[PDB]
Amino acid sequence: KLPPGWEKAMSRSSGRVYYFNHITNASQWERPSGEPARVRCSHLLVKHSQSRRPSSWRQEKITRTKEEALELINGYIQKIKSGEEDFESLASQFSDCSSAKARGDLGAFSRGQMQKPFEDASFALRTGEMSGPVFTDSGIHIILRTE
């Protein structure tokens, strides 16, 4: 029936069925469509006070809470999905990762190199698809699979 990773869910505010992926935290209205040695991803990282290194090019001392970081991530996802903003533009401006200078691009990678909730979400995304909030010891990520 459903591809692995996906489940049916019910909207609380409309009652309409939707689909949720518990590996990528993606959610969508349509029934999902459905592994390679390597994938290529970009990401937008929002750090918080419990990040492994709570500092970034944006801020010497990152002091926001994980709850505040998630609210920021959720707001960026809204703007990307509505088309008000582009993923690459938000990553260049607001990602707490050094990859901000490359529009969030991390290049290609294999299994065994990234933190593993990042890796699992990356390889579960289809080409062009974007994750929901993904949690690692670095912070909270939005992941875009580009290849």
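Residue numbers run from 1 along the displayed sequence.
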* Residues of the deposited sequence that sit between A108 and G107 yet are not modelled -> none
* Look up the CA B-factors in the entry and say which stretch, 111 to 119 or 75 to 83, has the higher mean. => 111 to 119
* Mean temperature factor over C-alpha atoms, higher-scoring stretch between 54 to 62 and 91 to 99 -> 54 to 62
* Asked: Which third of the chain holds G15 when residues are ordered by C-alpha B factor: lowest, middle or highest?
  -> highest
* Structure fact -> Quick tally, chain-level thirds of C-alpha B-factors: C41 sits in the lowest
* Taking the entry's C-alpha B-factors for this chain, is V134 in the lowest, middle or highest third? -> lowest
